[PDB]
Structures are given as C-alpha cells and as structure tokens.
Amino acid sequence: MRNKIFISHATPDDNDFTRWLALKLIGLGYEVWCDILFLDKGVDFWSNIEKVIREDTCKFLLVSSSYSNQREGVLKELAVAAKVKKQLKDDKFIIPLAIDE
Amino acid sequence: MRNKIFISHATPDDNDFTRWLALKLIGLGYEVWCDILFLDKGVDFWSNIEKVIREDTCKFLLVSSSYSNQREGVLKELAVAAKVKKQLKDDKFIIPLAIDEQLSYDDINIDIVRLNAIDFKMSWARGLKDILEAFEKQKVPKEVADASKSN
Amino acid sequence: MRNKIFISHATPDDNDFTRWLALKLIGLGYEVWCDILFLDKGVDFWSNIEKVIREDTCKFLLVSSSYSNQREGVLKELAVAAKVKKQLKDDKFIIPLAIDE
Amino acid sequence: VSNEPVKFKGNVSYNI
Amino acid sequence: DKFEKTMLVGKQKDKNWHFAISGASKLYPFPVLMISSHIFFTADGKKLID
Amino acid sequence: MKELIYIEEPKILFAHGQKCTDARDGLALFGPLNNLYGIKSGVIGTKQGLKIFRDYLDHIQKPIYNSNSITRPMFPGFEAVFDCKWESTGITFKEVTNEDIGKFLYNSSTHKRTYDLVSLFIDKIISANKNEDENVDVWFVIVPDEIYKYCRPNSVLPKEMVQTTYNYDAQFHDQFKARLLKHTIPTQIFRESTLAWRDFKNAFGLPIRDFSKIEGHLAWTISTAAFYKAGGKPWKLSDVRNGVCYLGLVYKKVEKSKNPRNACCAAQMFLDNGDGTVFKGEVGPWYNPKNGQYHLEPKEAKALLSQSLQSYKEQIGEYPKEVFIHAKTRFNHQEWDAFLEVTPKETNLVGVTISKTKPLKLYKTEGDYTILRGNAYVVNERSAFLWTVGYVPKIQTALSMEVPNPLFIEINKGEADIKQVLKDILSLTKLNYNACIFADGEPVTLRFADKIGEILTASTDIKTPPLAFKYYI
Amino acid sequence: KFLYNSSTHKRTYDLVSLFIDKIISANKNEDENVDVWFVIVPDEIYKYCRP
DNA sequence: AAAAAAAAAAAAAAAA
Ligand SMILES: Nc1ncnc2c1ncn2[C@@H]1O[C@H](COP(=O)(O)OP(=O)(O)OC[C@H]2O[C@H](O)[C@H](O)[C@@H]2O)[C@@H](O)[C@H]1O
C-alpha cells in the first residue's frame with residue numbers, strides 16, 4: 001500500500017525548506033521520503049527513488065524555487081511522478097509548493 | 001575525435017535487433033561500437049566500454065525493451081553516458097529506441113523517461129529512416145556508405 | 001527574436017492536418033515549429049517545447065478538435081502560451097483553429 | 001558378400 | 001528382441017515396430033548389393049497391420 | 001577407401017553487388033536487386049476471410065520472431081527487408097458470398113464442382129482486372145478449408161453433405177492457374193489454415209498447422225513470393241559463366257485426351273549483356289504420343305531447341321557456346337540427333353540426366369547428424385553423385401529429416417566436365433523464388449519446369465502460354 | 001522497313017503490329033511488372049500512318 | 001506373364 005510522501009527538491013540549495021518541512025511532517029505522523037533524510041549514499045539510490053515513486057508514494061510534493069525549477073534530477077522525478085499520476089488516474093497527486101518570491 | 005556510435009542493449013534477449021541495426025548502420029557508413037560485434041571476451045571489457053563512452057562516443061543509442069529496461073549493466077551504461085552528456089554540453093546525446101510493444105512509454109526508465117524516443121514499435125525501417133534523418137540533422141560524423149564493410 | 005509559429009495539436013490523431021498546414025506555411029516563408037516535423041529525437045521534449053513557446057514563439061496556433069480539447073499535453077502547451085501572452089501583452093498572440101464539425 | 005559396408009572418405013567435416 | 005547391443009524390435013503404444021531391410025544387386029558402379037531401411041508395425045507382434 | 005570430393009558452396013548476389021551464401025540473411029541485410037516502390041495488392045474471397053488476411057499482413061508488417069534464430073533467421077519486417085511498401089490499406093477487395101461458394105461445393109461430380117469453384121473466382125478476378133480502375137500488382141486468393149478438403153482428386157464428399165467440365169483437371173490450384181494464363185494475371189493462392197492458423201482447432205485443442213516456432217520462415221517464404229510475383233528481383237546467381245543456357249525438360253501426363261500424350265515442358269536460364277540474369281520458362285508444350293515414351297520425337301525436339309536457341313539469340317545477339325539440358329529422363333539417340341542438327345557448330349550440346357532413384361545413403365561414423373551438403377562421389381568422368389540435400393553449418397542443421405538421398409548426375413550425351421557440371425547444378429539449387437530457403441533439393445529447372453508442366457496440363461484450351469514464371473508458381 | 005509502304009492500311013497494320021508484338025512479349029514473357037506502357041512515336045510515322 | 005531397369009501421379013506426415 002502506498003503510504004509514503006515524496007518531497008522532491010534541489011538538493012544543494014533547498015536544504016533548509018526541505019529539512020524543516022520533512023521534520024514537521026514526520027512529527028505530524030506522515031511518512032516522508034527524501035534524499036537529505038537518508039544518511040549515506042550509493043549507486044543504488046538513482047534506481048531506488050524510481051521504484052519509490054512507482055510503488056510506495058501516495059502523494060508527491062514538489063518544492064518550487066528558482067533553483068529546483070530547472071534541475072535535471074528534479075525534472076526526471078517530476079516526469080516519473082506525472083506518469084504515475086496518469087497511471088493511478090488520480091489528478092490530485094502532485095502538490096507543488098512555491099517558496100520563492 | 002568522437003566518431004563512434006554506441007548501442008546499449010540486453011545481450012541475451014535483444015541481440016538480433018541490435019545485430020540488424022549495427023549491420024545496417026555500419027553498411028551506411030556510421031562507426032558502431034557494440035558488445036556483440038566484437039568476438040572474444042576478456043576482463044578488460046568493462047573498462048573499455050566505459051572509456052569508449054567517455055572518449056570516442058558521439059551518440060548513445062539505448063535499445064529500450066522489457067529486458068533492457070532494468071538491467072544493471074544497461075543502467076550503468078546509461079549513467080556513464082548521462083555523465084558524459086552533462087560533460088559535453090550537448091542535449092542530443094542519448095537517443096532511446098523503443099522496440100517493445102509491451103513496454104509502453106508509461107514505464108520507461110527514469111533516466112530516459114523524459115527523452116523523446118525513436119519509435120521502432122511498428123516498423124523497423126521507419127525507425128531506421130528516423131535515425132538517419134536525426135543523424136544528418138545533428139551532423140553525426142559519417143563516412144561514404146559501403147555495404148562491403150557490413151559484409 | 002521570435003519568428004516561429006507553434007502548431008499545438010493532438011499528435012496521435014491530428015497529424016495529417018498539422019503536417020499539411022505546416023508544409024503550406026513553410027512554403028509561404030513562415031518559420032514554423034511542430035513536434036511531428038521539427039522536434040528533435042533524443043531531447044528533453046517538454047523542456048524544448050517550453051523553451052520554444054517562451055522565447056521563440058511569435059505566434060501560437062492551436063488546432064481545436066474533439067480530441068485536442070481535453071488532451072493534457074495540448075492543455076499544458078495552451079497554458080504556457082497564455083502565460084507568454086500575458087508576458088508579451090499581445091491579446092492576439094494565440095489563434096485557435098477549429099477543424100472538427 | 002562382405003558384411004561390412006563400403007566406406008568412402010570425406011575431406012570436410014563439421015562439429016555441433 | 002535386440003541383436004548385439006542394439007534393439008531392432010520395439011514397442012510404441014499398442015504397435016510393435018520392427019526394423020526391416022530390402023536388398024537389390026547392382027553391378028554398374030561396382031559389384032554391389034544395395035540395402036534400404038524401413039520400419040513396419042504389427043498389432044500382436046506376429047500379424048502385420050493391413 | 002573411395003575418394004569423396006566437396007564443391008564450394010555457391011554464392012548468390014544481392015543489392016550493391018554484395019554476395020552472401022544464404023538468401024534470407026542476404027535479403028535482410030542488403031535488400032532486393034531492384035526498386036519496387038509498392039505492391040498494389042488485390043484480395044478476393046469471403047468477408048470472413050478478409051479480416052484474417054488483413055491481420056496477417058499487419059502481422060508481417062512488424063518483425064516476426066522464431067524459436068531459434070541460429071537454426072533459421074528471423075524476419076525483420078516486410079518494408080525493411082524488401083524496401084517495398086506493402087500496407088493493408090489500399091487492397092482491392094472482391095467478395096465471395098458464403099451461399100455462392102457453398103452451392104458449387106456440395107456437388108456429386110468432383111470435376112463439375114471444381115470447374116464451378118474455379119469459375120466463381122476467376123470470373124470475378126477478370127471482371128476486376130478488366131472493368132475496374134484500380135491497379136493490382138498481384139491477386140491473393142484466400143480459400144476456405146472445406147474446399148481444399150473437397151476440391152482435389154479422390155475427394156469423397158460425406159453422403160450427408162451432398163446436395164446435388166470433364167476436360168478440366170480436378171485440381172483446384174492447377175485449373176485455377178491454368179485458366180488465368182491468357183489474361184496474364186499474377187495470382188497466388190492462400191488457404192485459410194496457412195493464414196492465422198491459431199483460429200483452426202483440432203480435437204485436442206492444438207492448431208492443426210501449429211507454426212508457433214516457425215512463424216518467421218513462414219513470413220519469409222510468403223513475403224518473397226509476394227515480392228517476386230509483384231515484379232521484384234529478390235536475388236540472383238553470380239557464378240554462372242557467360243554463354244551458358246541450361247533448359248530443363250520435364251514430362252507430364254495429360255489424362256483428358258485419350259492416352260497420356262506426355263506433354264513436355266522446358267525452362268531456360270542464362271545471362272544478359274552485362275551482368276543481368278534471365279530465368280524464364282520455355283513453354284511450347286510438345287505432346288509426345290505413346291503411353292510411356294518420355295522420349296521426344298525428332299520434329300518436336302528440333303522445334304524446342306530451335307526456339308531455345310532463338311530466345312537466346314534475340315536477347316543476347318549470338319548463339320550460346322554450351323547448352324546444358326538437364327533432364328530427369330534419359331536421352332535416347334533419336335532426339336539427340338534431332339537436337340544436334342538444329343544446333344550450330346560452335347555450340348557445345350550437352351545432355352545431362354539427373355535422378356534420385358539410386359539408393360545411396362552415407363551414414364557418418366559417429367554423431368546424430370547427416371553428411372555435409374555438397375559432397376560429390378565421382379564414379380567416372382561422365383557419372384557422379386551429389387548430395388544436394390544434407391547438413392550445412394550455416395543453417396545449423398540438415399535440410400532433410402532422415403538421411404538424405406543424393407542426386408545421380410550423369411552426362412548422358414556430350415562430353416562435359418563432371419566437376420564443372422557438379423559445380424553448376426548445386427548453384428541451380430539456390431534460385432528457388434517460390435520459397436526463400438537456404439537451397440532446394442533439386443535444381444530449379446527440374447522443379448519450375450515440373451510446376452509449369454503441372455499447370456499447363458490442367459487445361460486443354462491453352463494457346464501461346466506466357467513464358468514468365470510470375471503466372472505459374 | 002514497314003513505314004515506306006504504298007498501301008496505307010498495310011503500312012499502318014504493320015506499324016501497329018511491330019509495337020503490339022513487343023508489348024505483348026514484354027507483358028507475357030518477362031518478370032518485370034509495368035503499370036503503364038508509354039509508346040513514343042516519331043513525327044514521320046505520325047505524318048504517314050493516319051488516314 | 002514373368003524378370004530387371006526406368007518412368008510418372010498421388011496422398012500423408014514432419015518438419016524447414
Ligand atoms: N519518450 C516519450 N515520452 C512521451 N511521449 C513520447 C515519447 N516518445 C514518443 N512519444 C510520443 O509523444 C506522444 C505523446 O502523446 P500524448 O502526450 O500522450 O497526447 P497529446 O495529445 O497530449 O500530445 C500533445 C503533445 O504531447 C507530445 O509529446 C507532444 O509533445 C504534443 O505536443 C506519443 O505519440 C508518443 O508516441
């Protein structure tokens with residue numbers, strides 16, 4: 001069953017917002033998956049994220065900023081999120097979050 | 001000078017289509033690197049593959065099928081090719097080829113799910129002519145066509 | 001400078017009319033952009049479309065049909081065209097084309 | 001009549 | 001039902017199959033007796049199927 | 001020990017002057033010799049049968065995968081293989097109603113029912129060809145399965161199904177191709193089972209013609225036939241020496257006239273000014289009275305070889321330097337003398353007899369495989385054996401199922417080099433256009449001549465038959 | 001050879017026969033398939049092969 | 001009314 005909330009963002013620029021939102025949501029009782037949350041990295045992560053977005057993610061939250069708007073990894077995650085949105089037939093799946101003035 | 005075309009695929013399942021495509025491209029005058037084309041194998045191959053993708057490859061064609069979609073060697077080749085793509089400041093570097101009708105565009109690999117793919121699903125020759133027009137558009141280095149090389 | 005005409009359309013179905021119109025316009029000296037004839041293979045097609053609409057689209061032509069009215073790609077292209085209209089302050093930027101009786 | 005069949009000799013072979 | 005080590009009469013469902021040969025003398029190439037191989041079948045091992 | 005010599009495997013030519021041992025692989029990689037823009041296809045048959053044909057055409061549009069590509073190459077797709085557009089859109093359809101096709105079928109007389117069944121198709125074909133604006137390159141005739149069960153000799157209708165010309169052969173295909181000759185309409189029949197067999201079920205539940213492993217070669221042999229009949233050059237030979245006509249005599253029985261009358265048919269193969277190959281028939285059928293003569297009388301023999309020398313002359317300019325008349329029947333001196341007189345002085349007249357009757361079976365010492373294809377046991381300067389059927393490594397198997405039978409090739413008349421003769425017939429075994437296989441078990445002259453003989457002896461009213469193979473195979 | 005004939009009917013029949021025989025031979029005795037057969041005729045024949 | 005040495009017409013199965 002899909003019960004994880006995915007928070008895509010620009011990793012080296014949006015640390016503060018992603019950190020604050022994730023630490024708030026986990027405390028609120030919401031399962032959160034993010035790259036800055038997991039400590040240590042390996043070659044597998046590029047695969048891992050994909051299967052999550054296709055197998056465990058129930059909602060997809062996109063941090064919108066001047067950095068993350070045109071970030072290649074963010075773009076790929078957005079594409080797979082949109083296509084799993086199509087496959088689930090659930091329009092209220094991707095929930096963008098604009099944080100830049 | 002990068003003048004070679006790389007074709008990644010699933011060796012034990014997608015060998016025949018890659019054979020046909022390589023034997024046609026080489027006949028048309030396009031330098032093609034593929035694991036099948038070389039006879040014999042040694043431990044060095046995995047290094048050689050990588051260095052080719054980083055030293056002599058001008059275009060990277062990824063055969064997309066239900067077999068090659070999630071194959072670890074194919075994923076490694078896709079990753080190193082993507083790094084080369086960022087290095088070369090060229091967007092028209094990875095050119096996926098979809099040859100499977102059970103592999104819909106919905107379930108493409110995340111690294112190439114966002115890239116436009118030449119459609120081989122219906123007619124192979126339509127895909128080949130699309131490949132040719134794309135190559136001539138992007139000014140891919142080419143030699144005078146000689147079917148004798150393919151033979 | 002912007003000297004391109006974007007013919008948005010339903011690609012799976014509306015290929016014939018779009019191709020005919022694009023060829024007629026090109027033969028008339030109008031530089032035209034369309035996915036079926038001008039989109040490069042192996043590119044970030046969504047990013048390419050967004051870039052073309054934002055910077056190079058002098059005029060936007062929409063093919064209206066029973067298919068194209070609710071096609072998600074067409075709607076997204078339409079929204080980007082509307083945003084470009086707001087940017088350029090040109091009320092006549094976008095011209096729909098009705099072909100379906 | 002010999003019980004052993006006439007044998008010929010082929011200069012070309014093959015393997016599986 | 002086997003000469004040397006090699007079987008000649010065998011079973012297949014209800015049919016007993018037998019190996020048979022036909023001979024013909026020919027002198028044109030050399031003094032030769034040509035042999036052709038055939039397989040026949042019986043229902044009870046003695047009477048041939050008509 | 002007896003010496004057994006092997007001949008080099010002949011090579012065939014493909015596009016761009018490229019040569020390849022195999023035919024399927026050469027076509028798949030190099031493509032046909034000539035440019036055939038598209039095949040305008042005409043389909044005739046029942047409406048229930050048109051859907052299956054459309055499905056199969058779309059099926060062969062996409063590549064077809066067989067069980068083992070090493071044993072037999074896969075099919076890359078028609079338009080890629082042949083560089084020819086053959087779509088399921090644009091087929092000219094002629095409909096055959098079920099009631100009309102069933103009225104004629106349930107007849108007590110086999111000859112009458114076959115005549116009416118052939119007439120029902122051919123009349124519509126002629127009407128479409130002559131009174132319709134559409135252009136059709138080739139005509140596909142899809143017939144149902146019950147007809148094939150009850151449209152050939154010795155077919156006894158069940159007593160419950162009987163509901164209710166003698167100058168025409170009781171064979172559907174033979175009469176069909178015979179009655180369409182004067183109009184020169186390339187037609188090529190399909191059975192419903194040769195189509196999407198998966199529909200046809202047996203008692204067990206398996207397809208009767210289960211082609212699950214062998215779909216690729218089915219597509220290969222259908223596409224090549226369609227390409228040839230539409231006017232394409234699939235492949236050609238390159239080892240044939242200049243100035244050599246071949247000709248193949250085949251004798252067939254005609255049962256309609258009193259006494260078989262032993263109609264004889266011939267086919268020619270030679271070169272052209274340049275490098276073009278010419279492989280047509282020589283159809284002047286010369287009837288031979290007497291029940292079992294099979295030796296052609298002097299006047300007909302002279303007429304036949306005179307036609308053959310001319311048909312070379314107008315197309316090349318001068319007479320052949322050596323004609324190698326292959327023949328399944330042995331030549332007596334009577335016809336040979338007649339042949340000699342019409343033959344000029346420069347021409348080397350050679351008569352070769354080919355036979356499969358000789359019971360020689362080479363069994364290899366160890367291994368469950370047959371002898372290599374191409375081995376030749378030369379008995380003497382005039383006679384030898386050649387294994388046209390056998391193991392060849394490229395196909396990974398043998399062309400036979402049991403141990404194959406050689407061809408007994410003897411130079412009956414003339415002198416001829418035995419090795420050169422053995423080096424050519426093996427090349428003739430590769431130019432089979434009706435089927436895209438690695439090679440044929442018998443030379444195509446002795447096979448295409450037999451085909452045109454079986455077609456020409458189905459109708460009595462044949463007059464000046466076409467010499468092109470498109471209308472026969 | 002055929003054209004310089006005094007009788008118009010015989011000359012035109014021979015000229016038509018010369019072309020039709022070759023066309024029929026090509027249609028019946030060649031493996032090539034031809035959609036439409038173009039018949040090029042010179043001017044002198046046009047001048048002297050009609051009523 | 002046989003013999004061997006040569007012929008073709010036909011139907012059936014199993015692969016290619
Ligand atoms: N890697 C690929 N990803 C997505 N689509 C692809 C790909 N490769 C080929 N296509 C083709 O892309 C097409 C996706 O069609 P769709 O979005 O579902 O329906 P629409 O009416 O809204 O298309 C309108 C826009 O979407 C188009 O992308 C163009 O950008 C259009 O401007 C299929 O034919 C695919 O075969």
# chains A, B, ... in the order shown; residues from 1 in each chain; ligands from 1

$ interface_residues --of "chain F" --to "chain E" --cutoff "8 Å" --atoms "only C-alpha atoms" --output "JSON, numbers by chain"
{"F": [359, 360, 379]}

$ residues_near_ligand --ligand "ligand 1" --cutoff "8 Å" --atoms "only C-alpha atoms (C1' of nucleotides) and all ligand atoms" --output "MDAnalysis selection string"
(chainID B and resid 96 105:106 108 112:119) or (chainID C and resid 8:13 34:35 45:46 49 67:68 71:75 77)

$ calpha_fit_and_write --fixed "chain C" --moving "chain A" --output "PDB file with C-alpha atoms, in the first residue's frame"
ATOM      1  CA  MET A   1      13.617  38.156 -31.894  1.00  0.00           C
ATOM      2  CA  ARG A   2      10.456  36.043 -31.898  1.00  0.00           C
ATOM      3  CA  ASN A   3       9.814  34.841 -35.455  1.00  0.00           C
ATOM      4  CA  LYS A   4       8.604  31.231 -35.052  1.00  0.00           C
ATOM      5  CA  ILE A   5       4.989  30.105 -35.360  1.00  0.00           C
ATOM      6  CA  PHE A   6       4.005  27.353 -32.926  1.00  0.00           C
ATOM      7  CA  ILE A   7       1.353  24.825 -33.963  1.00  0.00           C
ATOM      8  CA  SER A   8       0.068  22.826 -31.003  1.00  0.00           C
ATOM      9  CA  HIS A   9      -2.070  19.775 -31.706  1.00  0.00           C
ATOM     10  CA  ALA A  10      -2.968  16.271 -30.579  1.00  0.00           C
ATOM     11  CA  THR A  11       0.036  14.373 -31.886  1.00  0.00           C
ATOM     12  CA  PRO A  12      -1.294  10.861 -32.746  1.00  0.00           C
ATOM     13  CA  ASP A  13      -4.670  11.989 -34.102  1.00  0.00           C
ATOM     14  CA  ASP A  14      -4.166  15.319 -35.906  1.00  0.00           C
ATOM     15  CA  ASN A  15      -1.231  14.318 -38.116  1.00  0.00           C
ATOM     16  CA  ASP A  16      -2.973  15.186 -41.387  1.00  0.00           C
ATOM     17  CA  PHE A  17      -4.135  18.737 -40.647  1.00  0.00           C
ATOM     18  CA  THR A  18      -0.941  19.693 -38.820  1.00  0.00           C
ATOM     19  CA  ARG A  19       1.187  18.242 -41.622  1.00  0.00           C
ATOM     20  CA  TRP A  20      -0.757  20.009 -44.373  1.00  0.00           C
ATOM     21  CA  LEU A  21      -0.853  23.367 -42.585  1.00  0.00           C
ATOM     22  CA  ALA A  22       2.836  23.243 -41.665  1.00  0.00           C
ATOM     23  CA  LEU A  23       3.955  22.271 -45.166  1.00  0.00           C
ATOM     24  CA  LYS A  24       1.800  25.100 -46.548  1.00  0.00           C
ATOM     25  CA  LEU A  25       3.068  27.735 -44.107  1.00  0.00           C
ATOM     26  CA  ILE A  26       6.747  26.859 -44.545  1.00  0.00           C
ATOM     27  CA  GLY A  27       6.345  27.122 -48.308  1.00  0.00           C
ATOM     28  CA  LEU A  28       4.619  30.470 -47.794  1.00  0.00           C
ATOM     29  CA  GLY A  29       7.747  31.728 -46.005  1.00  0.00           C
ATOM     30  CA  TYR A  30       6.553  31.421 -42.392  1.00  0.00           C
ATOM     31  CA  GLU A  31       8.796  29.810 -39.779  1.00  0.00           C
ATOM     32  CA  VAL A  32       6.987  26.824 -38.265  1.00  0.00           C
ATOM     33  CA  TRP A  33       7.804  24.778 -35.174  1.00  0.00           C
ATOM     34  CA  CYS A  34       5.975  21.529 -34.462  1.00  0.00           C
ATOM     35  CA  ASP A  35       6.667  18.161 -32.878  1.00  0.00           C
ATOM     36  CA  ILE A  36       5.848  16.084 -35.970  1.00  0.00           C
ATOM     37  CA  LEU A  37       8.178  18.278 -38.064  1.00  0.00           C
ATOM     38  CA  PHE A  38      11.355  17.442 -36.146  1.00  0.00           C
ATOM     39  CA  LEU A  39      12.650  13.934 -36.797  1.00  0.00           C
ATOM     40  CA  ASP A  40      13.892  11.917 -33.750  1.00  0.00           C
ATOM     41  CA  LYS A  41      12.999  12.563 -30.104  1.00  0.00           C
ATOM     42  CA  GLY A  42      14.780  12.763 -26.772  1.00  0.00           C
ATOM     43  CA  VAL A  43      14.102  13.607 -23.147  1.00  0.00           C
ATOM     44  CA  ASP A  44      14.980  17.247 -23.873  1.00  0.00           C
ATOM     45  CA  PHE A  45      11.936  17.955 -26.053  1.00  0.00           C
ATOM     46  CA  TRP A  46       9.600  18.455 -23.085  1.00  0.00           C
ATOM     47  CA  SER A  47      11.938  21.218 -21.934  1.00  0.00           C
ATOM     48  CA  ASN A  48      12.627  22.473 -25.463  1.00  0.00           C
ATOM     49  CA  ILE A  49       9.009  23.272 -26.316  1.00  0.00           C
ATOM     50  CA  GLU A  50       8.684  25.355 -23.154  1.00  0.00           C
ATOM     51  CA  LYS A  51      11.588  27.650 -23.951  1.00  0.00           C
ATOM     52  CA  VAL A  52      10.344  28.032 -27.517  1.00  0.00           C
ATOM     53  CA  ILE A  53       6.902  29.106 -26.320  1.00  0.00           C
ATOM     54  CA  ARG A  54       8.686  31.556 -24.023  1.00  0.00           C
ATOM     55  CA  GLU A  55      11.573  32.742 -26.202  1.00  0.00           C
ATOM     56  CA  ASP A  56      11.005  32.339 -29.961  1.00  0.00           C
ATOM     57  CA  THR A  57       7.251  32.044 -30.579  1.00  0.00           C
ATOM     58  CA  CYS A  58       5.597  35.139 -32.050  1.00  0.00           C
ATOM     59  CA  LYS A  59       2.214  33.528 -32.809  1.00  0.00           C
ATOM     60  CA  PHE A  60       0.607  30.443 -31.284  1.00  0.00           C
ATOM     61  CA  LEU A  61      -1.817  28.381 -33.379  1.00  0.00           C
ATOM     62  CA  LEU A  62      -3.997  25.838 -31.560  1.00  0.00           C
ATOM     63  CA  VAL A  63      -5.557  23.045 -33.610  1.00  0.00           C
ATOM     64  CA  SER A  64      -9.045  22.630 -32.132  1.00  0.00           C
ATOM     65  CA  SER A  65     -10.597  19.168 -32.419  1.00  0.00           C
ATOM     66  CA  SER A  66     -12.494  16.672 -30.287  1.00  0.00           C
ATOM     67  CA  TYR A  67      -9.124  15.030 -29.603  1.00  0.00           C
ATOM     68  CA  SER A  68      -6.917  18.064 -28.952  1.00  0.00           C
ATOM     69  CA  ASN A  69      -9.574  19.817 -26.854  1.00  0.00           C
ATOM     70  CA  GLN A  70      -8.758  17.868 -23.663  1.00  0.00           C
ATOM     71  CA  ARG A  71      -5.216  16.620 -24.347  1.00  0.00           C
ATOM     72  CA  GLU A  72      -2.846  17.047 -21.418  1.00  0.00           C
ATOM     73  CA  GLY A  73       0.203  18.108 -23.425  1.00  0.00           C
ATOM     74  CA  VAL A  74      -1.971  20.422 -25.500  1.00  0.00           C
ATOM     75  CA  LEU A  75      -3.398  21.808 -22.255  1.00  0.00           C
ATOM     76  CA  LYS A  76       0.068  22.510 -20.829  1.00  0.00           C
ATOM     77  CA  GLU A  77       1.141  24.189 -24.065  1.00  0.00           C
ATOM     78  CA  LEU A  78      -2.067  26.240 -23.991  1.00  0.00           C
ATOM     79  CA  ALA A  79      -1.363  27.317 -20.409  1.00  0.00           C
ATOM     80  CA  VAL A  80       2.198  28.437 -21.121  1.00  0.00           C
ATOM     81  CA  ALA A  81       0.990  30.145 -24.309  1.00  0.00           C
ATOM     82  CA  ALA A  82      -1.681  32.047 -22.373  1.00  0.00           C
ATOM     83  CA  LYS A  83       0.829  33.153 -19.763  1.00  0.00           C
ATOM     84  CA  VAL A  84       3.397  34.318 -22.322  1.00  0.00           C
ATOM     85  CA  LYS A  85       0.439  36.098 -23.942  1.00  0.00           C
ATOM     86  CA  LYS A  86      -0.117  37.878 -20.633  1.00  0.00           C
ATOM     87  CA  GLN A  87       3.572  38.745 -20.318  1.00  0.00           C
ATOM     88  CA  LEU A  88       3.799  40.135 -23.867  1.00  0.00           C
ATOM     89  CA  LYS A  89       0.684  42.308 -23.299  1.00  0.00           C
ATOM     90  CA  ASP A  90      -0.430  41.189 -26.775  1.00  0.00           C
ATOM     91  CA  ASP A  91      -4.004  39.910 -26.846  1.00  0.00           C
ATOM     92  CA  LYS A  92      -3.935  38.667 -30.469  1.00  0.00           C
ATOM     93  CA  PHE A  93      -1.381  35.954 -29.746  1.00  0.00           C
ATOM     94  CA  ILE A  94      -3.221  32.632 -29.516  1.00  0.00           C
ATOM     95  CA  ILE A  95      -5.076  31.945 -32.766  1.00  0.00           C
ATOM     96  CA  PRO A  96      -7.317  28.873 -32.382  1.00  0.00           C
ATOM     97  CA  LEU A  97      -8.133  26.754 -35.430  1.00  0.00           C
ATOM     98  CA  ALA A  98     -11.332  24.694 -35.253  1.00  0.00           C
ATOM     99  CA  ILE A  99     -11.358  21.779 -37.698  1.00  0.00           C
ATOM    100  CA  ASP A 100     -14.022  19.461 -36.252  1.00  0.00           C
ATOM    101  CA  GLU A 101     -17.662  19.550 -37.314  1.00  0.00           C
TER     102      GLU A 101
END

$ closest_atom_pairs --of "chain B" --to "chain C" --cutoff "12 Å" --atoms "only C-alpha atoms" --output "Markdown table"
| residue | atom | partner | partner_atom | distance |
| --- | --- | --- | --- | --- |
| B:59 | CA | C:42 | CA | 10.0 |
| B:60 | CA | C:42 | CA | 9.6 |
| B:61 | CA | C:42 | CA | 9.1 |
| B:62 | CA | C:42 | CA | 10.3 |
| B:85 | CA | C:43 | CA | 11.4 |
| B:90 | CA | C:43 | CA | 9.7 |
| B:91 | CA | C:43 | CA | 6.0 |
| B:92 | CA | C:43 | CA | 5.6 |
| B:93 | CA | C:42 | CA | 6.9 |
| B:94 | CA | C:42 | CA | 5.7 |
| B:95 | CA | C:42 | CA | 4.2 |
| B:96 | CA | C:42 | CA | 6.5 |
| B:97 | CA | C:42 | CA | 9.1 |
| B:98 | CA | C:42 | CA | 11.6 |
| B:111 | CA | C:44 | CA | 11.0 |
| B:112 | CA | C:42 | CA | 8.7 |
| B:113 | CA | C:44 | CA | 9.5 |
| B:114 | CA | C:44 | CA | 5.9 |
| B:115 | CA | C:44 | CA | 5.0 |
| B:116 | CA | C:42 | CA | 4.7 |
| B:117 | CA | C:42 | CA | 5.8 |
| B:118 | CA | C:41 | CA | 6.4 |
| B:119 | CA | C:41 | CA | 9.8 |
| B:127 | CA | C:41 | CA | 10.9 |
| B:130 | CA | C:41 | CA | 8.4 |
| B:131 | CA | C:41 | CA | 8.3 |
| B:132 | CA | C:41 | CA | 10.9 |
| B:133 | CA | C:41 | CA | 9.6 |
| B:134 | CA | C:41 | CA | 6.6 |
| B:135 | CA | C:41 | CA | 9.5 |
| B:136 | CA | C:40 | CA | 11.4 |
| B:137 | CA | C:40 | CA | 8.5 |
| B:138 | CA | C:40 | CA | 8.9 |

$ interface_residues --of "chain F" --to "chain G" --cutoff "10 Å" --atoms "only C-alpha atoms" --output "PyMOL selection string"
chain F and resi 34+36+135-138+181-186+228-233+278-282+464-471
